[PDB]
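Novice: Sharing a structure with you now.
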Amino acid sequence: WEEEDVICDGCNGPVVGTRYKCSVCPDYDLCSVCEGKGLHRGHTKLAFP
Ligand SMILES: [Zn+2]
Ligand SMILES: [Zn+2]
């Protein structure tokens, strides 16, 4: 029962719904809100659920 949860690197809450993971940074993720706020805007991101 090893589980991987995804925490937003902005609000530090878990990412539920759309996940914006950085394509450059290893293991960097933002939630839909923090993405909307323009965080980490210098790196390309992958927007999957
Ligand atoms: Zn967030
Ligand atoms: Zn980045």
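Residues are referred to by chain and number: the chain letter is A, B, ... according to the order shown in the structure tokens, the number counts from 1 in that chain, and ligands are numbered separately from 1 in the order shown.
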Using only C-alpha atoms and all ligand atoms, find each protein or nucleic acid residue lying at most 12 Å from ligand 2; present the set as number ranges by chain.
Specialist: A: 9, 20-30, 39-46
Novice: Write the selection just made, keeping N, CA and C atoms, as an mmCIF file, in the first residue's frame?
Specialist:
```
data_model
loop_
_atom_site.group_PDB
_atom_site.id
_atom_site.type_symbol
_atom_site.label_atom_id
_atom_site.label_comp_id
_atom_site.auth_asym_id
_atom_site.auth_seq_id
_atom_site.Cartn_x
_atom_site.Cartn_y
_atom_site.Cartn_z
ATOM 1 N N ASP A 9 3.483 22.738 -5.264
ATOM 2 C CA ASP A 9 4.663 23.473 -4.821
ATOM 3 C C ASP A 9 4.386 24.957 -4.594
ATOM 4 N N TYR A 20 -0.258 20.480 -13.100
ATOM 5 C CA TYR A 20 0.697 21.186 -13.956
ATOM 6 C C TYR A 20 2.093 20.811 -13.458
ATOM 7 N N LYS A 21 2.688 19.789 -14.074
ATOM 8 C CA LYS A 21 4.009 19.319 -13.673
ATOM 9 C C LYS A 21 5.058 19.915 -14.597
ATOM 10 N N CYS A 22 6.143 20.399 -14.006
ATOM 11 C CA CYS A 22 7.189 21.032 -14.789
ATOM 12 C C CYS A 22 7.919 20.004 -15.645
ATOM 13 N N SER A 23 8.210 20.400 -16.887
ATOM 14 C CA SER A 23 8.933 19.565 -17.839
ATOM 15 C C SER A 23 10.438 19.652 -17.654
ATOM 16 N N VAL A 24 10.909 20.685 -16.965
ATOM 17 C CA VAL A 24 12.329 20.929 -16.766
ATOM 18 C C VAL A 24 12.674 20.432 -15.372
ATOM 19 N N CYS A 25 12.039 21.035 -14.377
ATOM 20 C CA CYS A 25 12.282 20.672 -12.994
ATOM 21 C C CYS A 25 11.880 19.214 -12.774
ATOM 22 N N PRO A 26 12.672 18.423 -12.045
ATOM 23 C CA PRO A 26 12.240 17.053 -11.730
ATOM 24 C C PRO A 26 11.314 17.094 -10.523
ATOM 25 N N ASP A 27 10.113 16.543 -10.663
ATOM 26 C CA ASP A 27 9.227 16.411 -9.509
ATOM 27 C C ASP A 27 8.791 17.788 -8.990
ATOM 28 N N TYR A 28 8.237 18.606 -9.885
ATOM 29 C CA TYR A 28 7.662 19.900 -9.526
ATOM 30 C C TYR A 28 6.241 19.971 -10.069
ATOM 31 N N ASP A 29 5.294 20.329 -9.202
ATOM 32 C CA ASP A 29 3.878 20.330 -9.542
ATOM 33 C C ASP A 29 3.173 21.540 -8.947
ATOM 34 N N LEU A 30 2.160 22.025 -9.666
ATOM 35 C CA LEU A 30 1.322 23.121 -9.204
ATOM 36 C C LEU A 30 -0.139 22.732 -9.371
ATOM 37 N N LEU A 39 2.840 31.357 -10.996
ATOM 38 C CA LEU A 39 4.005 30.795 -10.332
ATOM 39 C C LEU A 39 4.849 29.965 -11.291
ATOM 40 N N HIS A 40 6.170 29.984 -11.075
ATOM 41 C CA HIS A 40 7.049 29.091 -11.829
ATOM 42 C C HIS A 40 6.871 29.269 -13.333
ATOM 43 N N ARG A 41 6.663 30.521 -13.753
ATOM 44 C CA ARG A 41 6.315 30.809 -15.133
ATOM 45 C C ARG A 41 7.496 30.722 -16.089
ATOM 46 N N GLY A 42 8.718 30.559 -15.591
ATOM 47 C CA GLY A 42 9.842 30.424 -16.488
ATOM 48 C C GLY A 42 10.137 29.028 -16.992
ATOM 49 N N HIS A 43 9.356 28.014 -16.612
ATOM 50 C CA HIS A 43 9.592 26.645 -17.056
ATOM 51 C C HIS A 43 8.332 26.100 -17.722
ATOM 52 N N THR A 44 8.521 25.334 -18.798
ATOM 53 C CA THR A 44 7.415 24.641 -19.451
ATOM 54 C C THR A 44 6.800 23.597 -18.531
ATOM 55 N N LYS A 45 5.476 23.488 -18.567
ATOM 56 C CA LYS A 45 4.777 22.535 -17.723
ATOM 57 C C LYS A 45 3.880 21.630 -18.562
ATOM 58 N N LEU A 46 3.572 20.467 -17.991
ATOM 59 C CA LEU A 46 2.666 19.477 -18.568
ATOM 60 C C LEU A 46 1.338 19.535 -17.824
#
```
Novice: Output as number ranges by chain all residues of chain A that backbone DSSP marks as helix (DSSP H, G or I).
Specialist: A: 32-36
Novice: Quick one: distance from atom CA of residue 37 of chain A to atom CA of residue 8 of chain A in Å, one decimal?
Specialist: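 Atom CA of residue 8 of chain A lies 12.7 Å from atom CA of residue 37 of chain A.
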Novice: Considering only C-alpha atoms and all ligand atoms, can you say which of A:47, A:16, A:6, A:31 comes closest to ligand 1?
Specialist: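 Ranked by minimum distance to ligand 1, first place goes to A:31.
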Novice: Taking only C-alpha atoms and all ligand atoms into account, report as a ChimeraX atom specification which residues have an atom no farther than 8 Å from an atom of ligand 1.
Specialist: /A:7-15,30-35
Novice: Just to be explicit: take each residue in the selection above, keep N, CA, C and O atoms, and write the result as a short mmCIF file (atom, residue, chain, number, x, y, z; two decimals), in the first residue's frame.
Specialist:
```cif
data_model
loop_
_atom_site.label_atom_id
_atom_site.label_comp_id
_atom_site.auth_asym_id
_atom_site.auth_seq_id
_atom_site.Cartn_x
_atom_site.Cartn_y
_atom_site.Cartn_z
N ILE A 7 1.55 16.99 -4.18
CA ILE A 7 1.38 18.23 -3.44
C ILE A 7 1.80 19.40 -4.31
O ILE A 7 2.83 19.34 -5.00
N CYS A 8 1.01 20.47 -4.26
CA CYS A 8 1.31 21.67 -5.02
C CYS A 8 2.52 22.38 -4.42
O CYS A 8 2.57 22.60 -3.21
N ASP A 9 3.48 22.74 -5.26
CA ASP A 9 4.66 23.47 -4.82
C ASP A 9 4.39 24.96 -4.59
O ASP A 9 5.33 25.74 -4.49
N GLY A 10 3.12 25.35 -4.49
CA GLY A 10 2.76 26.74 -4.25
C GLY A 10 1.95 26.92 -2.99
O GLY A 10 2.37 27.63 -2.07
N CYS A 11 0.79 26.26 -2.92
CA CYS A 11 -0.04 26.28 -1.73
C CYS A 11 0.28 25.14 -0.78
O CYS A 11 -0.28 25.10 0.33
N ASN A 12 1.16 24.23 -1.17
CA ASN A 12 1.55 23.08 -0.37
C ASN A 12 0.38 22.16 -0.03
O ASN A 12 0.51 21.31 0.86
N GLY A 13 -0.76 22.31 -0.70
CA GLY A 13 -1.83 21.35 -0.57
C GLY A 13 -1.72 20.29 -1.64
O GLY A 13 -0.91 20.40 -2.57
N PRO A 14 -2.54 19.25 -1.56
CA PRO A 14 -2.50 18.22 -2.61
C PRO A 14 -3.15 18.68 -3.90
O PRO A 14 -4.08 19.49 -3.91
N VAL A 15 -2.65 18.15 -5.01
CA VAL A 15 -3.15 18.51 -6.33
C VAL A 15 -4.29 17.56 -6.72
O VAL A 15 -4.05 16.38 -6.96
N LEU A 30 2.16 22.03 -9.67
CA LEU A 30 1.32 23.12 -9.20
C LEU A 30 -0.14 22.73 -9.37
O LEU A 30 -0.50 22.00 -10.30
N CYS A 31 -0.98 23.24 -8.48
CA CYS A 31 -2.42 23.05 -8.64
C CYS A 31 -2.96 24.07 -9.64
O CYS A 31 -2.27 24.99 -10.08
N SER A 32 -4.24 23.90 -10.00
CA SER A 32 -4.85 24.79 -10.97
C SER A 32 -4.88 26.23 -10.49
O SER A 32 -4.79 27.16 -11.31
N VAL A 33 -5.00 26.45 -9.18
CA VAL A 33 -5.04 27.82 -8.65
C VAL A 33 -3.66 28.46 -8.76
O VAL A 33 -3.50 29.53 -9.37
N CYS A 34 -2.64 27.82 -8.17
CA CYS A 34 -1.29 28.38 -8.21
C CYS A 34 -0.81 28.57 -9.65
O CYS A 34 -0.10 29.54 -9.95
N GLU A 35 -1.20 27.68 -10.56
CA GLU A 35 -0.89 27.88 -11.97
C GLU A 35 -1.54 29.17 -12.46
O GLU A 35 -0.92 29.96 -13.18
#
```
Novice: Find the residues near residue 49 of chain A: any atom within 6 Å, counting only C-alpha atoms, skip ones fewer than 3 places away on the same chain, and give them as a PyMOL selection string.
Specialist: chain A and resi 17-19
Novice: Taking the chain letters and numbering used in this document, name the residues of chain A that DSSP puts in strand (DSSP E or B), as a PDB file with C-alpha atoms, in the first residue's frame.
Specialist:
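Okay, this is what ended up in result.pdb:
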```pdb
ATOM      1  CA  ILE A   7       1.378  18.230  -3.436  1.00  0.00           C
ATOM      2  CA  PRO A  14      -2.502  18.216  -2.606  1.00  0.00           C
ATOM      3  CA  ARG A  19      -1.901  18.779 -12.515  1.00  0.00           C
ATOM      4  CA  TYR A  20       0.697  21.186 -13.956  1.00  0.00           C
ATOM      5  CA  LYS A  21       4.009  19.319 -13.673  1.00  0.00           C
ATOM      6  CA  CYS A  22       7.189  21.032 -14.789  1.00  0.00           C
ATOM      7  CA  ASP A  29       3.878  20.330  -9.542  1.00  0.00           C
ATOM      8  CA  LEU A  30       1.322  23.121  -9.204  1.00  0.00           C
ATOM      9  CA  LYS A  45       4.777  22.535 -17.723  1.00  0.00           C
ATOM     10  CA  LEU A  46       2.666  19.477 -18.568  1.00  0.00           C
ATOM     11  CA  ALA A  47      -1.057  19.970 -17.873  1.00  0.00           C
ATOM     12  CA  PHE A  48      -2.623  16.531 -17.211  1.00  0.00           C
TER      13      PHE A  48
END
```
